[PDB]
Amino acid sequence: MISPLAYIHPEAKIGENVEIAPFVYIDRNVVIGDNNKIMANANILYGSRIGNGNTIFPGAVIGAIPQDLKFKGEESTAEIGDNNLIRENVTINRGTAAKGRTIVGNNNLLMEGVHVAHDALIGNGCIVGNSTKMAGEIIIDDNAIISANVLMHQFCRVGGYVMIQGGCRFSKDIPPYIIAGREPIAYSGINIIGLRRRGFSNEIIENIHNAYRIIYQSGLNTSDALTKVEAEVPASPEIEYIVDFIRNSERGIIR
């Protein structure tokens, strides 16, 4: 199960039923949980923390030092949860003093060449397409779908159930449930496909749609739009999430 042609530092903590292929390099100050599969030529570096049930494909590199030139050798981690699919040449750098922990949650698919920068936060249930780049200290909420070659600027946040189209770039926040596409990036309606596929009622889908008509298509400023959403759209946790997300947006939201 553990190949003798892997290099595993004697201090690495490794759980049960872990398969490690040849030419895997595992450093000290590494924690790996149970039921993991680490394929050939993958690299698990100082500071990595890996949960249970993951598969790490060839050439992935977890835990390399930040690409941030503000990094000065401080202790930090790079972490993934459970049941993730970490594809070929995915990079997850460890954190900086700005936070200290780069964290990926559970049940994500990070397609080949995806980059997760220092102090970034990915939730659960996300799909991130080929060679998408998540810059420093970003946040991705649960259940987001991001296509390939997307550029997510530092400190941005993506809401749940968003679909971001391939090749888009953005430096504002993306509120929950929407499609974001075009250049420059833009609100492009609701992720009806994703929501239907996940079992949301047609009624809740229509409410979400109506909230975003108010927000984007009624000529109102943000405050007034959110007031009107609160007054006129049948309330539900989905609608409150839209409102709270926008109302507290650190960067502002995309157009």
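Just count from 1 along the sequence shown to find any residue number.
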> Got a sec? Mean C-alpha B-factor, which is higher, 87-95 or 71-79?
Replying inline: 71-79
> Looking only at CA atoms, which has the higher mean B factor in the entry: 16-24 or 237-245?
Replying inline: 16-24
>> Looking at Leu195, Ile62, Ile215, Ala186, which one carries the largest C-alpha B-factor according to the PDB entry?
In response: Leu195
>> Test of reading the entry: by CA B factor among the chain's modelled residues, which third contains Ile44?
In response: middle
> Which third, lowest, middle or highest, does the CA B-factor of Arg101 fall in along this chain?
Replying inline: middle
>> Per the entry's values, where does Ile32 land by CA temperature factor relative to the rest of its chain, in the lowest, middle or highest third?
In response: middle
> What third of the chain, by the recorded C-alpha B-factor, contains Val162?
Replying inline: highest
>> Can you tell me whether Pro58 has a C-alpha B-factor in the lowest, middle or highest third compared with the other modelled residues of the same chain?
In response: lowest
